[PDB]
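> Please find the sequence and an experimentally derived structure below.
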Amino acid sequence: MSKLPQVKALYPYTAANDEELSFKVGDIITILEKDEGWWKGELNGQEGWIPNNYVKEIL
Amino acid sequence: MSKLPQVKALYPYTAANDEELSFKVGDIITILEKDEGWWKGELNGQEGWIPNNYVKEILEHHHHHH
Amino acid sequence: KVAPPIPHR
């Protein structure tokens, strides 16, 4: 019953380290936490940080 | 990235209040936190507490062995 | 096909 933000990837991203989350264009990611330019996302059970300019918020 | 635990719902459930999360049979819920009896899950952008005897945690091969 | 009771907690 809390809504989490969800976002759609604009571009593919490859994680640069173990704390980041890789993703492909089109992937819908749920956001769990925000720190400035990086947001902590969850996608198919995998969690990690993503660049917030690579995604767009869903309505 | 790190893999969070996932669970599959064995029975449907209706949230008794806004802190709880409703779900249907077969739903795949990602677990954010475990308490005694109640786990905090996320499903399709909705987050809330679920009764942990309504679900069965999916076997994974990194943090368990037998 | 009976749901169990929720954890009394």
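Noted; the coordinates are in hand. Numbering: from 1, shown residues only, chains lettered A, B, ... in the order given.

> check contacts around residue 9.
Because you didn't say which chain, this covers chain A. Residue A:9 makes contact with A:23-27, A:29, A:54-55 under the criterion Cβ atoms under 8 Å, 6 or more residues apart in numbering or on different chains. Backbone N, C-alpha and C define where each C-beta goes, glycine included.

> actually it's chain C I care about, not the one you picked
Residue C:9 sits next to B:35-38 when contact means Cβ under 8 Å, 6+ apart.

> let's see 10 Å
B:35-38, B:51-52 (Cβ atoms under 10 Å, 6 or more residues apart in numbering or on different chains).

> now, which of these lie within strands?
The strands in this structure, assigned by DSSP state E, contain B:38, B:51 from those.

> Need the contacts of residue C:9 in TSV (columns: distance to residue C:7).
Shown next, in TSV, are the contacts of residue C:9 (distance: Cβ to Cβ, whole Å):
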residue	distance to residue C:7
B:35	9
B:36	8
B:37	3
B:38	6
B:51	6
B:52	7
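
> just the contacts of residue C:9 now: which is nearest residue C:8?
When those are compared for distance to residue C:8 (Cβ to Cβ), residue B:37 wins out at 7.6 Å.

> From residue B:5, how far out is the closest one?
16 Å (Cβ to Cβ, to the nearest Å).

> re earlier: quick check on the contacts of residue A:9: which are buried?
Among the contacts of residue A:9, those classed as buried by 16 or more other Cβ atoms under 10 Å in any protein chain shown are A:23, A:27, A:29, A:54-55.

> nearest to residue C:3, of the residues you listed?
Using Cβ to Cβ, the buried ones among the contacts of residue A:9 come closest to residue C:3 at residue A:29, 31.9 Å.
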